[PDB]
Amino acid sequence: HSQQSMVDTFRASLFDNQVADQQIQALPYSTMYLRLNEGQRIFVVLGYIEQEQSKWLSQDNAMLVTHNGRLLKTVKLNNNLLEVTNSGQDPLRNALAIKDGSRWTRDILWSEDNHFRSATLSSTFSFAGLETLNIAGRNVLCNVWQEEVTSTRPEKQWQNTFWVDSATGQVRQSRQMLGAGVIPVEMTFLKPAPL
């Protein structure tokens, strides 16, 4: 037997009746532009939130789990992020209160070619300045934060970038790896949050 949920029904309709710059601002719910491996941009919608975790759904019904631009888990993709520990200590949890020099240590678990990998990541946030981004035809002033990350065994280091709304703290754009310095992910959050 099979049931029909509202999320599936209205999600299908969205992709069956579709991006228009005016239609984006007309969508009542949050949406995002996803880019994997510098690949092609795909449209994702925010289906629901559980324990401060935002679950975004694509057309192929793949799922992305995040918290204020930070990627915490993925489902139904070629390669998936399986876990991120000590996520409650991520500075992005209070993006406006991030001080230059913020640090964070956690471990991640991700699959690569159906093989499980993991590593210990330590990073520091560095204020890169102010920047205005145009998203869905609107301007947004962002505090640009550059996260210098270093993992070990093997020793690797890369940089993630997070564009924060200087008034709400909401991340409007982010660039990060899905694993330890591997599988770049780009996300642009279209629906702006008010004060």
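One-based numbering along the sequence shown.
Inset, instruction - Using the PDB record, quantify the missing residues of the deposited sequence between residue 9 and residue 10 as none, 1 to 3, 4 to 9, or 10 or more. - result: The entry leaves nothing out here.
Inset, instruction - Tell me which of 61 to 69 and 35 to 43 has the higher mean C-alpha B-factor in the deposited entry. - result: Stretch with the higher mean C-alpha B-factor: 35 to 43.
Legend entry - 122 to 130 versus 22 to 30 - greater average Cα B-factor per the deposited record: Higher mean C-alpha B-factor: 22 to 30.
Legend entry - Third of the chain, ranked by Cα B-factor, where residue 180 sits: Residue 180: CA B-factor falls in the middle third of its chain.
Legend entry - Ranked C-alpha temperature factor of residue 101 among modelled chain residues, by third: It belongs to the highest third of the chain when residues are ordered by C-alpha B-factor.
Inset, instruction - Pull the Cα B-factor of residue 141 out of the PDB entry and bin it into the chain's lowest, middle or highest third. - result: Ranked within chain, residue 141 CA B lands in the middle tercile.
Legend entry - residue 160 - which third its CA temperature factor falls in, relative to the rest of the chain: Lowest third of the chain for residue 160's C-alpha B-factor.
Inset, instruction - Report the third (lowest, middle or highest) to which the CA temperature factor of residue 171 belongs, ranking only the modelled residues of the same chain. - result: It falls in the bottom third of the chain.
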